[PDB]
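Asker: Just so you know, the sequences run in chain order B and A. Just so you know, the first sequence maps onto residues 5 to 84, 95 to 151 in the authors' numbering. Just so you know, the second sequence maps onto residues 4 to 83, 96 to 151 in the authors' numbering. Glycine included, each C-beta is placed from N, C-alpha and C at the ideal position. The structure is given below, and queries will be raised subsequently.
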Amino acid sequence: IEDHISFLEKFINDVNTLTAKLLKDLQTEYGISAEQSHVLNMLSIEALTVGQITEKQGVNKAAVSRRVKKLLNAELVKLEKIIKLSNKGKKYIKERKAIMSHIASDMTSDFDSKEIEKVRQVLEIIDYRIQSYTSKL
Amino acid sequence: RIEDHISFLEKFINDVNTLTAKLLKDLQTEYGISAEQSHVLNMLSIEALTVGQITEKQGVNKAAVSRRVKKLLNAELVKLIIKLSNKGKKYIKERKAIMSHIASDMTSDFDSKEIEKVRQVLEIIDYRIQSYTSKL
Ligand SMILES: CC1(C)S[C@@H]2[C@H](NC(=O)[C@H](N)c3ccccc3)C(=O)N2[C@H]1C(=O)O
Ligand SMILES: CC1(C)S[C@@H]2[C@H](NC(=O)[C@H](N)c3ccccc3)C(=O)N2[C@H]1C(=O)O
Numbered sequence: 005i006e007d008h009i010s011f012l013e014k015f016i017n018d019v020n021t022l023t024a025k026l027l028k029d030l031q032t033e034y035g036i037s038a039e040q041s042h043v044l045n046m047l048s049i050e051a052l053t054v055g056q057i058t059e060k061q062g063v064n065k066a067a068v069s070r071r072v073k074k075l076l077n078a079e080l081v082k083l084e095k096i097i098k099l100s101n102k103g104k105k106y107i108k109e110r111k112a113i114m115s116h117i118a119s120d121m122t123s124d125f126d127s128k129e130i131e132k133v134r135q136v137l138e139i140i141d142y143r144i145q146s147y148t149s150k151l
Numbered sequence: 004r005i006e007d008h009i010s011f012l013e014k015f016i017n018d019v020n021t022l023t024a025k026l027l028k029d030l031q032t033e034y035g036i037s038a039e040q041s042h043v044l045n046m047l048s049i050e051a052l053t054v055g056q057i058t059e060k061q062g063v064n065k066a067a068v069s070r071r072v073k074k075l076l077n078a079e080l081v082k083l096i097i098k099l100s101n102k103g104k105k106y107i108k109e110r111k112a113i114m115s116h117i118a119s120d121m122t123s124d125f126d127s128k129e130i131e132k133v134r135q136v137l138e139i140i141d142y143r144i145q146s147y148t149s150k151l
């Protein structure tokens, strides 16, 4: 009833841990950090503003500022207000899926594609419910 | 075909972080710490740990992990090869209070079975994730 909340963290931790390690070279190659990486990954979803990102990421605005501009100067992300991704930046996310998806399907090769559908419905509804709530002051 | 599920997992995660980060903002303020320092306490809510450990699981900059630790010593939410404290134990309680109270309200309409079935598919995936990781 609550070690679900504890499992979630752990589970999230573990994913983070594995992803960081998995994407170690792909980042060094583009000379980016793990967060420069995320923001990048966090931007494949929607166009944000340094404010939108600091909030969404819960950290110091100052930090979010450089990580951000360091991406402009490296031509990975671009402008309009409205921070979007540059094609170089895309090739990156492409090589991110490319890696993620390979090890991802290994651990999922024997899943009841239907049992998974049901699982996603629940998570999707929880996802929807999280976004919903997230808005309110 | 499977790429779809991944995109979701990431978003679902992103949203969890956003939410937790939004819900704890004031508490991390009320005590006077940054999320960074706050994540440290949570990895200690579960157990103990030295430097190389906390520096490895998160895995971030050797120094970074160090500098936040030393700050956590001053507020005394961490005892020294690093544990929690009376004040430390207290923060988490409060942290857990909010979280659960929301997740519950946000899930207290689901079918006991539906949920568990989720936990089990997530447990096996974590199990594999971990095993794969351990292969350095
Ligand atoms: C390539 C990535 C490492 S970037 C994205 C994010 N990485 C982070 O470091 C993120 N800022 C974070 C992690 C943990 C606590 C707080 C913040 C994550 O998860 N990521 C991988 C992805 O792209 O799938
Ligand atoms: C030392 C750095 C982390 S900050 C420096 C500058 N980037 C900035 O955003 C600028 N300093 C600044 C503006 C606002 C808030 C915080 C920082 C630059 O380039 N940088 C980094 C580096 O040398 O790696």
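Would you say A:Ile-57 faces chain B, with C-beta separation under 9 angstroms as the test?
Answerer: Taking the first residue of the second sequence as position 1, residue 57 of chain A is located at position 54. By this cut-off, A:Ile-57 is not an interface position.
Asker: Along chain B, which residues have their Cβ under 9 angstroms away from the Cβ of A:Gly-62?
Answerer: What you label residue 62 of chain A is simply residue 59 of the second sequence in a count that begins at 1. Residues of chain B with a Cβ closer than 9 angstroms to the Cβ of A:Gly-62 are, in chain order, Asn-20, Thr-21, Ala-24, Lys-25 and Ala-38.
Asker: To which residues of the same chain is A:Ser-48 closer than 6 angstroms at the C-beta, ignoring the five residues directly before and after it?
Answerer: On the second sequence, residue 48 of chain A is found 45 positions in, with the first residue counted as 1. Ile-107, listed in sequence order.
Asker: Contact criterion: CB-CB distance below 9 angstroms. Does B:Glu-129 meet it with respect to chain A?
Answerer: Working through the first sequence from its first residue, we reach residue 129 of chain B at position 115. B:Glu-129 counts as touching chain A.
Asker: If contacts are defined as beta-carbon pairs under 8 angstroms, then B:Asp-141 and A:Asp-126 qualify, I think. What distance do you get, rounded to the angstrom?
Answerer: Indexing the first sequence from 1 puts residue 141 of chain B at position 127. Indexing the second sequence from 1 puts residue 126 of chain A at position 111. About 18 angstroms; that fails the 8 angstroms criterion.
Asker: Does ligand 1 have even one heavy atom less than 8 angstroms from the beta-carbon of B:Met-114?
Answerer: For the purposes of this step, residue 114 of chain B is taken as residue 100 along the first sequence, with counting starting at 1. The answer is yes for B:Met-114.
Asker: Report the three-state DSSP secondary structure of A:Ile-49 (helix, strand or coil).
Answerer: The sequence position of residue 49 of chain A within the second sequence is 46, counting from 1. Here A:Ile-49 sits in coil by DSSP.
Asker: Using a beta-carbon distance below 9 angstroms, is B:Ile-97 in contact with chain A?
Answerer: If you number the first sequence from 1, residue 97 of chain B lands on position 83. No, its Cβ sits nowhere closer than 9 angstroms to a Cβ of chain A.
Asker: Just to confirm, does B:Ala-78 get its C-beta within under 8 angstroms of one of the non-hydrogen atoms of ligand 2?
Answerer: Reading the first sequence from its first residue, position 74 is the one you call residue 78 of chain B. Flag unset: Cβ of B:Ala-78 not near ligand 2.
Asker: Please tell me whether A:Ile-144 has its Cβ less than 9 angstroms away from any Cβ of chain B.
Answerer: In the second sequence, residue 144 of chain A corresponds to position 129, counting from 1. Yes, its Cβ sits closer than 9 angstroms to a Cβ of chain B.
Asker: With distances taken from CA atoms, which of A:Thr-148, A:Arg-134, A:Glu-138 and A:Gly-35 is nearest B:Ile-5?
Answerer: Within the first sequence, the letter at position 1 stands for residue 5 of chain B. For the residues A:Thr-148, A:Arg-134, A:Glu-138 and A:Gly-35, the minimum Cα distance to B:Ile-5 belongs to A:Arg-134.
Asker: Could you check whether the Cβ of A:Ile-16 sits closer than 8 angstroms to any heavy atom belonging to ligand 1?
Answerer: By 1-based counting over the second sequence, the position of residue 16 of chain A is 13. Yes.
Asker: Which first and last residues belong to the alpha helix (DSSP H) in which B:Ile-9 is found?
Answerer: Mapped onto the first sequence, residue 9 of chain B falls at position 5. Per DSSP, B:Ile-9 belongs to the alpha helix (DSSP H) from 7-26.
Asker: So, is B:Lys-60 buried or exposed, given that buried needs 16 or more other C-beta atoms within 10 angstroms?
Answerer: One-based indexing of the first sequence puts residue 60 of chain B at position 56. That one is buried.
Asker: Which residues, in chain order, sit with a beta-carbon under 5 angstroms away from any heavy atom of ligand 2?
Answerer: B:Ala-66, B:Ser-69 and B:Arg-70
Asker: Name the chain B residues whose beta carbon is nearer than 9 angstroms to that of A:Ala-118?
Answerer: Within the second sequence, numbered from 1, the residue matching residue 118 of chain A stands at position 103. What A:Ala-118 touches in chain B: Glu-6, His-8, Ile-9, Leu-12 and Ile-140.
Asker: To the nearest angstrom, how far is the alpha carbon of A:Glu-79 from that of A:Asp-7?
Answerer: Counted from its first residue, the second sequence places residue 79 of chain A at position 76. Counted from its first residue, the second sequence places residue 7 of chain A at position 4. When rounded, the distance between both Cα atoms is 45 angstroms.
Asker: Quick one: is B:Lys-65 near chain A, going by C-beta distance under 9 angstroms?
Answerer: Residue 65 of chain B sits at position 61 when you count from the first residue of the first sequence. Chain A contact via Cβ: absent.
Asker: In the structure shown, what three-state DSSP assignment does B:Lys-105 receive?
Answerer: Sequence index remark: in the first sequence, residue 105 of chain B carries index 91 (1-based). Helix, per DSSP.
Asker: Applying the 10 Å Cβ sphere with the 16-neighbour rule, what's the burial state of B:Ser-41?
Answerer: Position 37 of the first sequence holds residue 41 of chain B. Buried, since its Cβ has 16 or more Cβ neighbours within 10 Å.
Asker: Quick test of the definition: if touching needs 3 or more C-beta pairs under 8 angstroms, does the stretch 98-115 of chain B touch the stretch 61-73 of chain A?
Answerer: no
Asker: Name, please, each residue of chain A whose Cβ falls closer than 8 angstroms to the Cβ of B:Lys-132.
Answerer: As a first step, residue 132 of chain B is located in the first sequence; it is residue number 118 there, counting from the start. Residues of chain A passing the Cβ test: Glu-129 and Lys-132.
Asker: Are any of the Cβ atoms in chain A nearer than 9 angstroms to that of B:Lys-108?
Answerer: Residue 108 of chain B sits at position 94 when you count from the first residue of the first sequence. Chain A contact via Cβ: absent.
Asker: Tell me the residue span of the alpha helix (DSSP H) that contains B:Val-72.
Answerer: Sequence index remark: in the first sequence, residue 72 of chain B carries index 68 (1-based). It spans 65-76 - the alpha helix (DSSP H) in which B:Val-72 sits, taken as one unbroken run.
Asker: Report the partner residues of B:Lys-82 according to the DSSP bridge assignment.
Answerer: Within the first sequence, residue 82 of chain B is the residue found at index 78, counting from 1. Its beta-bridge partners are B:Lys-98.
Asker: From this set, B:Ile-139, B:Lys-95, B:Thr-148 and B:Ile-117, which residue's C-alpha is nearest A:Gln-145's C-alpha?
Answerer: Walking along the second sequence from the start, residue 145 of chain A turns up at place 130. Here the closest residue by C-alpha is B:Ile-117.
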